[PDB]
Amino acid sequence: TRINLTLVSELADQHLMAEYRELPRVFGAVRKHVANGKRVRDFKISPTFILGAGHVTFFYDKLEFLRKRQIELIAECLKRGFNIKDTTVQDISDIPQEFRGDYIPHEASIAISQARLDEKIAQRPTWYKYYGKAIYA
DNA sequence: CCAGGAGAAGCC
DNA sequence: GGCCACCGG
């Protein structure tokens, strides 16, 4: 389960599909927490973007950022011809406003996210694809 | 013919 | 201390 901060249109086919199906898991995790009376203050939430421990929790108070990114992930999936079923983001207006903040990453955060993507591609450079082509080979 | 392959954190 | 919205021989 990984949220990327990079340009959705730059994502490799396999990374695009992954984030498309994984990002909505955060809405569910938070809703279940609100169900148990949890509040934003009851979570760690790193002050800066991180991968590894704290990664998913980092977005628990940034659902508006996620909602907007899922709209782009969806549009990109359709642009490339993916036969996805869920073409809309779930409504999140039922979730407390406090969990729905926007977010503007700094260049370093965006670069840390990109480095992870690049590290994964370097492991199978002839296999990842972009619009169906092995452009990383 | 349909399986491989794109980890943090909630729960016992 | 462990056990969650798709695209080729």
Side-chain angles (χ1 to χ4, degrees):
Chain A
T1 299
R2 181 183 70 219
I3 306 298
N4 307 301
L5 304 177
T6 57
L7 240 58
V8 163
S9 71
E10 304 276 64
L11 298 170
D13 290 358
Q14 300 89 334
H15 283 150
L16 171 59
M17 184 63 231
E19 190 171 22
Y20 160 71
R21 61 184 295 255
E22 284 159 21
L23 181 155
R25 298 175 179 173
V26 184
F27 299 135
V30 170
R31 184 171 284 108
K32 192 171 302 177
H33 275 152
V34 174
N36 292 322
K38 298 300 184 178
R39 292 273 301 178
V40 171
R41 65 205 176 202
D42 296 311
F43 298 102
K44 192 69 175 303
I45 303 194
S46 165
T48 53
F49 168 81
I50 70 294
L51 278 162
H55 179 66
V56 171
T57 307
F58 177 72
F59 296 92
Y60 280 5
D61 70 344
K62 306 178 177 64
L63 305 186
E64 174 62 13
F65 167 81
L66 294 184
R67 175 191 77 81
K68 284 195 287 182
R69 186 172 176 81
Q70 185 70 0
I71 289 180
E72 303 189 307
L73 289 164
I74 288 173
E76 191 61 20
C77 283
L78 298 170
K79 272 168 67 193
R80 307 192 183 177
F82 290 15
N83 185 202
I84 57 171
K85 295 310 178 180
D86 286 306
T87 55
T88 72
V89 186
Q90 58 160 273
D91 166 65
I92 58 170
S93 66
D94 60 290
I95 298 175
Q97 195 274 306
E98 68 176 320
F99 290 93
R100 296 184 276 134
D102 210 317
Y103 169 56
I104 302 180
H106 288 298
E107 294 174 54
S109 288
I110 297 180
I112 293 177
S113 187
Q114 181 69 57
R116 176 59 178 157
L117 259 34
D118 294 353
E119 173 193 1
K120 295 299 292 183
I121 288 177
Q123 301 177 347
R124 310 185 63 190
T126 74
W127 184 78
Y128 280 90
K129 304 178 180 67
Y130 185 75
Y131 276 82
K133 296 290 189 302
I135 71 167
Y136 309 105

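Here is the naming used below: chain letters follow the sequence lines, and residue numbers restart at 1 for every chain. Every heavy atom of this structure was used, including side-chain atoms; hydrogens, water molecules and symmetry mates were not.
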For the residue pair A:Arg31 and A:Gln90, confirm or rule out a side-chain donor-acceptor distance under 3.5 Å.
yes
Starting at the 5' end of DNA chain C, what dot-bracket string do you get if Watson-Crick and G-U pairs under 3.5 Å are bracketed, crossing pairs use [ ], other-strand pairs use | and unpaired bases use dots?
||||.||||
Rounding to an integer number of Å, can you tell me how far A:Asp13 CG sits from C:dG8 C1'?
15 Å
Are A:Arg124 and A:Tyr136 close enough that some pair of their side-chain heavy atoms sits under 4.5 Å apart?
no
Check the distance between C:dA5's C1' and A:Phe82's CZ and give it to me in whole angstrom.
16 Å
In whole Å, measure the gap between the P atoms of C:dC4 and B:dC11 for me.
8 Å
Minimum-distance pair of heavy atoms, taken over all atoms of A:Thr57 and A:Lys44
CG2-N, 4.5 Å
What interatomic distance, in whole Å, is found between P of C:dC6 and the corresponding atom of B:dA8?
24 Å
What's the gap between C:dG1 and B:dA9 when it is taken at their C1' atoms, as a whole Å value?
14 Å
For A:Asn83, answer base if it contacts any base atom (sugar-phosphate contacts may also be present), sugar-phosphate if it contacts only those atoms, and nothing otherwise; contact means non-hydrogen atoms under 4.0 Å.
sugar-phosphate
Atom-to-atom span, CD of A:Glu76 to P of C:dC7 - whole angstrom
14 Å
For A:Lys129, is there any backbone N or O sitting under 3.5 Å from a side-chain donor or acceptor partner on A:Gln14?
yes
Nearest-Å distance once atom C1' is located in both C:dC7 and B:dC2
12 Å
Would you check if A:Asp94 and A:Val34 make a side-chain contact, meaning some heavy-atom pair closer than 4.5 Å?
no
Which residues, if any, of residues 87-99 of chain A bring a heavy atom under 4.0 Å of DNA chain B?
none
Test ring pair (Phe, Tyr, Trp, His ring centres under 6.0 Å) on A:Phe99 and A:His33; report intermediate values, then the result.
CA-CA 11 Å; A:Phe99 290 93; A:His33 275 152; 8.3 Å; no
Under 3.5 Å, is there a donor on one side chain and an acceptor on the other for A:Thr6 and A:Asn4?
no
Check for a donor-acceptor pair, side chain of A:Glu76 on one end and backbone N or O of A:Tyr20 on the other, with a separation under 3.5 Å.
no
At what distance, to the nearest 0.5 angstrom, does CD1 of A:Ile112 lie from CG of A:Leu5?
9.0 Å
Considering all heavy atoms, the nearest A:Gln70-A:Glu19 contact:
OE1-O, 4.3 Å
Taking atom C1' of C:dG8 as reference, at what distance in whole Å does atom NZ of A:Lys133 sit?
16 Å
Among the clusters formed by ILVMFWY side chains lying less than 4.5 Å apart, do A:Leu51 and A:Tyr103 turn up in the same one?
yes
I'd like to compare against my own output: the B/S/- annotation of nucleotides 5-12 of chain B with a strict under-4.0 Å heavy-atom distance to protein.
SBBSSSS-
